[PDB]
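Some notes on the structure that comes next.
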Amino acid sequence: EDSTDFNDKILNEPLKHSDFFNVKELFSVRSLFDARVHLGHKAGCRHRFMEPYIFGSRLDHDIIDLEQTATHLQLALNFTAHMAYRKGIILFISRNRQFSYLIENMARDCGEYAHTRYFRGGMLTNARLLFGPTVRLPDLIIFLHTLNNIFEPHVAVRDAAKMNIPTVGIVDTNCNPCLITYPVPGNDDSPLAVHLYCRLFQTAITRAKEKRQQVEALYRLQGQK
Amino acid sequence: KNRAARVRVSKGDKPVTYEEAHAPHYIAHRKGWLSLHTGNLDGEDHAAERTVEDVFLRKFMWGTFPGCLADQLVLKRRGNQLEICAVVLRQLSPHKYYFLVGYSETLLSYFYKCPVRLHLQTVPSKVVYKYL
Amino acid sequence: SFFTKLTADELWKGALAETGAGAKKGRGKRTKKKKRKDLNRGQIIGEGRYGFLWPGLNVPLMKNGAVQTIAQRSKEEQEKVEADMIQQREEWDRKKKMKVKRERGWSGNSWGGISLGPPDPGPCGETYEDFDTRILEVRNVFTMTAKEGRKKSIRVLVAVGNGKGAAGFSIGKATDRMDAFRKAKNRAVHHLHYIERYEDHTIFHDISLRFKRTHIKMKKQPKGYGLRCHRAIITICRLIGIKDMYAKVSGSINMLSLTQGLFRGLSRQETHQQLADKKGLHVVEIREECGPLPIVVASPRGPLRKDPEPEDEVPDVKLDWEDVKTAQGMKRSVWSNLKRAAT
Amino acid sequence: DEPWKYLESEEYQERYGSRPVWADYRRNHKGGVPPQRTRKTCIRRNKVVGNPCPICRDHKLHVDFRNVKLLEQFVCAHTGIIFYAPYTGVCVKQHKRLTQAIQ
RNA sequence: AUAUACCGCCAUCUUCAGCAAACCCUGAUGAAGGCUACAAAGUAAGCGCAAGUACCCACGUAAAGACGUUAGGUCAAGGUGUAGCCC
Ligand SMILES: [K+]
Ligand SMILES: [K+]
Ligand SMILES: [K+]
Ligand SMILES: [Mg+2]
Ligand SMILES: [Mg+2]
Ligand SMILES: [Mg+2]
Ligand SMILES: [Mg+2]
Ligand SMILES: [Mg+2]
Ligand SMILES: [Mg+2]
Ligand SMILES: [Mg+2]
Ligand SMILES: [Mg+2]
Ligand SMILES: [Mg+2]
Ligand SMILES: [Zn+2]
Numbered sequence: 053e054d055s056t057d058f059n060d061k062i063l064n065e066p067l068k069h070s071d072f073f074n075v076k077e078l079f080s081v082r083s084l085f086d087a088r089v090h091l092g093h094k095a096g097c098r099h100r101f102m103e104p105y106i107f108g109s110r111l112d113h114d115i116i117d118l119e120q121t122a123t124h125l126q127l128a129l130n131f132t133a134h135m136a137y138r139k140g141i142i143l144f145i146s147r148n149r150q151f152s153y154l155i156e157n158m159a160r161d162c163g164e165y166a167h168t169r170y171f172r173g174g175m176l177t178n179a180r181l182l183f184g185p186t187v188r189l190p191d192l193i194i195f196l197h198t199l200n201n202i203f204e205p206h207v208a209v210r211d212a213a214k215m216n217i218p219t220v221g222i223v224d225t226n227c228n229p230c231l232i233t234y235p236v237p238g239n240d241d242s243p244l245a246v247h248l249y250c251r252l253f254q255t256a257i258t259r260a261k262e263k264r265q266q267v268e269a270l271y272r273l274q275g276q277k
Numbered sequence: 036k037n038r039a040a041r042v043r044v045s046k047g048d049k050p051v052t053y054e055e056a057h058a059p060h061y062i063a064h065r066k067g068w069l070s071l072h073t074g075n076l077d078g079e080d081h082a083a084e085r086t087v088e089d090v091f092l093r094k095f096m097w098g099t100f101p102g103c104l105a106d107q108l109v110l111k112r113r114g115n116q117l118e119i120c121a122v123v124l125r126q127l128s129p130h131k132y133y134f135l136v137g138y139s140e141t142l143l144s145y146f147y148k149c150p151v152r153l154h155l156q157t158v159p160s161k162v163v164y165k166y167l
Numbered sequence: 088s089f090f091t092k093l094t095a096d097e098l099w100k101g102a103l104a105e106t107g108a109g110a111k112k113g114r115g116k117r118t119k120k121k122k123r124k125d126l127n128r129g130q131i132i133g134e135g136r137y138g139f140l141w142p143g144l145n146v147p148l149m150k151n152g153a154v155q156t157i158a159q160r161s162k163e164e165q166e167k168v169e170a171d172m173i174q175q176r177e178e179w180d181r182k183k184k185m186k187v188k189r190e191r192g193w194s195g196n197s198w199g200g201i202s203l204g205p206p207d208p209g210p211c212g213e214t215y216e217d218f219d220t221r222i223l224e225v226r227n228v229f230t231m232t233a234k235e236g237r238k239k240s241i242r243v244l245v246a247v248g249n250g251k252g253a254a255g256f257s258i259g260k261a262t263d264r265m266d267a268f269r270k271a272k273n274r275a276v277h278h279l280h281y282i283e284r285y286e287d288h289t290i291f292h293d294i295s296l297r298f299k300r301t302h303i304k305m306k307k308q309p310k311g312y313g314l315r316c317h318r319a320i321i322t323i324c325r326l327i328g329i330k331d332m333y334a335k336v337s338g339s340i341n342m343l344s345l346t347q348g349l350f351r352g353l354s355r356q357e358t359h360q361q362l363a364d365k366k367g368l369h370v371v372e373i374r375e376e377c378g379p380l381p382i383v384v385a386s387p388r389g390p391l392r393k394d395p396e397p398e399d400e401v402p403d404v405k406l407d408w409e410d411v412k413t414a415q416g417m418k419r420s421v422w423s424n425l426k427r428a429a430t
Numbered sequence: 053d054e055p056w057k058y059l060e061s062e063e064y065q066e067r068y069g070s071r072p073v074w075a076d077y078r079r080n081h082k083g084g085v086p087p088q089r090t091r092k093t094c095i096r097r098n099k100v101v102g103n104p105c106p107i108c109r110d111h112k113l114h115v116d117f118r119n120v121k122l123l124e125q126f127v128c129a130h131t132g133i134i135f136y137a138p139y140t141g142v143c144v145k146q147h148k149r150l151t152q153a154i155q
């Protein structure tokens with residue numbers, strides 16, 4: 053009797069709005085351009101499945117079309133915010149050691165999880181053995197870098213799909229986005245780009261958790277009276 | 036490869052007791068002796084006779100309490116007293132354990148011409164030390 | 088001598104000879120192995136050949152409120168006890184010989200087609216009672232090792248399905264066959280395909296594919312046609328829930344390539360709703376049983392095109408000589424269209 | 053006298069349920085391709101063969117033109133054709149009686 | 001009689017460090033394979049080594065030394081399956 057009203061006012065109401073958390077105010081094509089998000093790798097490193105997202109090559113350096121990044125980033129931030137609102141477990145994954153410390157801190161600050169270390173075989177597909185039969189896996193995996201340190205796709209991209217976990221991922225021009233649920237074409241190398249991504253996801257997640265408490269609190273006060 | 040008194044590794048499903056899990060080189064190091072008497076001390080006599088008596092009592096008790104013994108017997112000799120300490124299961128009715136204690140103590144006292152006492156410790160199931 | 092006697096465990100371990108050089112590499116052509124029998128099973132403590140009645144051990148301690156005294160059964164009364172113990176023993180032997188009858192699969196000695204039951208319930212109280220498991224192949228594979236030489240293992244292929252479109256298959260490997268069965272069936276439920284069925288009885292369209300060297304040609308069929316397909320395809324189709332289909336397997340007939348090809352073909356079929364949405368046209372079904380009545384089976388969810396589909400006077404589609412040879416009455420096979428049991 | 057009653061009793065429902073009486077029958081034969089004719093008869097001089105057909109194995113099943121619920125089990129519901137004998141495994145003797153009762 | 005039916009107790013590599021349940025992943029779900037630390041699919045109970053213990057130390061020497069290998073040795077230690085002998 054009271055559960056259907058709960059799930060309808062709290063869980064289903066945010067899903068009826070195009071931008072319930074107003075994540076479009078967090079970034080702009082200019083803000084992305086200043087963070088050097090459009091800068092990709094040289095043409096010789098281009099991955100075939102990234103051609104649709106490439107604006108062009110400027111003297112053999114691929115340029116990422118920020119008009120597409122803006123639309124893909126909007127979807128990724130929106131999805132990420134909704135998953136944080138629903139109290140989903142968000143796991144950040146990246147092997148880029150220059151940003152391991154930054155990413156681990158961003159996860160702790162937003163109240164989420166980070167895995168920036170060597171990824172051991174079976175963390176996801178064999179989690180019950182490694183952690184226990186009652187272990188809860190992540191509801192969303194966010195890749196700030198989709199490649200490992202030998203320039204291959206991070207094993208968790210394949211294993212996240214095997215476990216039917218949606219993935220958000222920054223995909224540079226040398227990355228393979230086929231299995232990434234919400235790919236975001238963008239520069240993954242420059243500290244300005246990576247720092248921006250961490251600010252955006254951190255802000256999206258922090259806002260969505262605060263929104264969940266506001267809605268719940270209002271739903272309770274009105275319930276008593 | 037040495038075989039003597041070694042329970043060999045299996046698939047991890049074979050329960051062994053503490054007595055069974057220790058090879059002979061652990062005797063006096065990790066496991067004690069199952070019979071204690073003075074016959075094997077320096078300058079003491081009748082070790083052969085104590086050994087025959089011990090072999091009989093172990094066979095005798097195995098068949099007198101069939102399916103009830105959960106571990107090896109502990110044999111203690113003090114003076115002319117003989118104490119038999121056995122760990123048994125809790126399947127047989129207590130009336131049968133009292134019958135067999137009275138029967139065994141009396142029969143063994145007349146056989147070896149010494150006061151024999153039987154001490155029973157009951158356990159719900161065989162105590163498992165490890166699964167080999 | 089009393090002192091030369093051993094325990095039953097020692098006597099059976101020796102007599103059975105389960106461990107030995109003969110068991111190591113199956114060095115002997117042997118069939119019927121001695122089986123250990125527990126000789127203390129029906130034995131009562133206190134009962135002996137002489138028939139003595141010991142109060143408190145084999146007879147009640149108190150009778151009519153008084154302690155019983157030592158007594159001995161009469162010769163006649165003891166003969167009955169011995170006979171009753173033999174009959175009790177014969178019943179134990181008789182029943183053990185008697186067995187329940189295994190339902191056979193594709194042949195009497197084959198594992199293929201035999202059900203393994205539902206997969207085991209998962210650790211988190213997950214259950215698969217709705218799923219049935221079928222064996223497709225049991226193979227003895229061998230590897231050569233430095234020490235042990237020719238080593239024997241079991242490779243098992245099983246398929247699982249709930250009969251409502253959800254089905255999968257997995258390979259199982261182990262030294263023992265029952266362990267291979269457990270691994271295969273439990274793994275398959277984590278690799279399930281969903282197979283779309285037209286009217287929940289057949290496929291949506293003819294499927295012709297090659298997987299490696301195995302060719303599989305499947306034809307959509309009407310109700311009542313049954314499963315006229317390779318026996319393994321019949322087994323898999325019952326797990327999916329397909330009742331009416333024709334299939335012909337050509338080329339290499341490999342069970343794993345046939346199973347993997349089958350699931351690929353069935354997973355990659357276009358439904359009528361998908362066809363309508365892709366082309367923005369109505370999908371109209373014509374049945375000779377229903378005459379010229381046009382039956383719309385699928386309509387596009389989005390806008391409906393106004394331009395008719397181009398009518399190519401002659402289609403440039405590739406034809407199978409087998410289908411053409413049959414439609415022309417030129418395919419003459421004594422083995423085709425034979426009467427068979429309901430499948 | 054009233055053969056249609058057996059199909060409405062509890063004994064029938066426990067033995068066959070909602071499946072046809074021939075659902076669980078399997079012919080014993082060598083090879084993968086069975087003989088194109090079933091056995092001539094399962095009852096020979098009042099003696100029954102070891103693997104009697106679906107009709108002959110249950111003496112309470114009476115092939116009669118009034119027991120239409122049994123006859124329906126040997127006709128295709130979608131095409132109305134009478135199954136050939138190897139389809140259900142009925143002996144040639146009973147398949148003729150079924151075909152005559154159906155007609 | 002049969003150690004080529006075995007228990008039991010052993011030789012041998014071993015003056016070795018490997019064996020391996022249960023999972024997971026790779027190979028198009030083939031026999032099979034599974035590592036790189038500025039790490040790239042393995043996690044591994046248990047067994048052995050190791051550690052502890054004995055002898056005069058923490059050294060040395062003993063002891064220990066898995067799974068398997070040689071149908072290795074022993075039916076004549078004892079027990080025992082099968083077959084055979086019973087004036
Ligand atoms: K031996
Ligand atoms: K011997
Ligand atoms: K012998
Ligand atoms: Mg990059
Ligand atoms: Mg040695
Ligand atoms: Mg032979
Ligand atoms: Mg047979
Ligand atoms: Mg030998
Ligand atoms: Mg030392
Ligand atoms: Mg030594
Ligand atoms: Mg050591
Ligand atoms: Mg030899
Ligand atoms: Zn018949």
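Protein chains in written order, with the UniProt record's numbering: chain A, 53 to 277; chain B, 36 to 167; chain C, 88 to 430; chain D, 53 to 155.
A virtual CB, placed ideally from N, CA and C, is assigned to each residue, including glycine.
The segment 411-418 of chain C makes no contact with the segment 88-100 of chain D; the number of CB pairs closer than 8 Å stays below 3. Proximity of chain C to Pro185(A) at the Cβ level (cut-off 8 Å) is accounted for by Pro210 and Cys211, in chain order.
Runs of the alpha helix (DSSP H) lying entirely within the segment 75-152 of chain D and spanning at least 4 residues, in chain order: 120-123 and 137-140. Contact check between the segment 207-221 of chain C and the segment 157-177 of chain C: fewer than three CB pairs, one atom from each, fall below 8 Å, which does not count as touching.
Note that the C-beta distance between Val81(A) and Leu127(A) is not below 8 Å. In the three-state reduction of the DSSP assignment, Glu283(C) falls in the coil class. Within chain C, the C-beta atoms nearer than 7 Å to that of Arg180(A) come from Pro210, in chain order.
Contact with chain C is found for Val90(B), since one of that chain's Cβ atoms lies less than 8 Å from the residue's Cβ. Rounded to whole angstroms, the gap between the alpha carbons of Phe253(A) and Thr132(A) is 7 Å. In this structure, the straight-line span from the alpha carbon of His130(D) to that of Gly311(C) is close to 6 Å.
If you draw a 10 Å sphere on the C-beta of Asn273(C), you find 16 or more other C-beta atoms in it, and that means buried.
Distances from the CB of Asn424(C) to the heavy atoms of ligand 7 are all 7 Å or more. Here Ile303(C) is near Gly352(C), since their CB atoms are less than 8 Å apart. Taking all protein chains shown into account, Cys377(C) has fewer than 16 neighbouring C-beta atoms within 10 Å of its C-beta and is therefore exposed.
Contacts with chain B at 8 Å (Cβ-Cβ) include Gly143(C). The Cβ of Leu326(C) sits no closer than 8 Å to any Cβ of chain D.
In the structure shown, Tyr215(C) falls within a coil segment according to DSSP collapsed to helix, strand and coil. For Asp191(A) and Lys139(A), the gap between their C-alpha atoms comes out near 9 Å. In the three-state reduction of the DSSP assignment, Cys250(A) falls in the helix class, which pools H, G and I.
Excluding its 5 nearest sequence neighbours in each direction, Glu54(B) has C-beta neighbours in its own chain below 7 Å: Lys66, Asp106 and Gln107, listed in chain order. With contacts defined as CB atoms closer than 8 Å, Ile145(A) and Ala208(A) qualify as a contacting pair. Around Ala39(B), the same chain offers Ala58 and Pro59 as residues with beta carbons nearer than 8 Å, after the five sequence neighbours per side are excluded. In this chain, the alpha helix (DSSP H) harbouring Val136(B) covers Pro129 to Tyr147. Rounded to whole angstroms, the separation of the alpha carbons of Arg114(C) and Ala108(C) is 8 Å. For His130(D), the nearest CB of chain C lies under 8 Å from its own CB, placing it at the interface with that chain.
DSSP, read as helix, strand or coil, puts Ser109(A) in strand.
Using beta-carbon distances, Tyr136(D) counts as an interface residue toward chain C, with a partner under 8 Å.
Residue range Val81 to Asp86 is occupied by the alpha helix (DSSP H) that includes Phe85(A), with no beta strand (DSSP E) assigned at that position.
Taking C-beta atoms as the reference points, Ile329(C) and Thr301(C) fail to come closer than 8 Å. Beta-bridge pairing by DSSP links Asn227(C) to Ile241(C). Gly192(C) has a beta carbon lying at 8 Å or more from every beta carbon in chain D. Near chain C, meaning a CB-to-CB distance below 7 Å, no residue of the segment 105-120 of chain D qualifies.
In this chain, the alpha helix (DSSP H) harbouring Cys162(A) covers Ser152 to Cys162.
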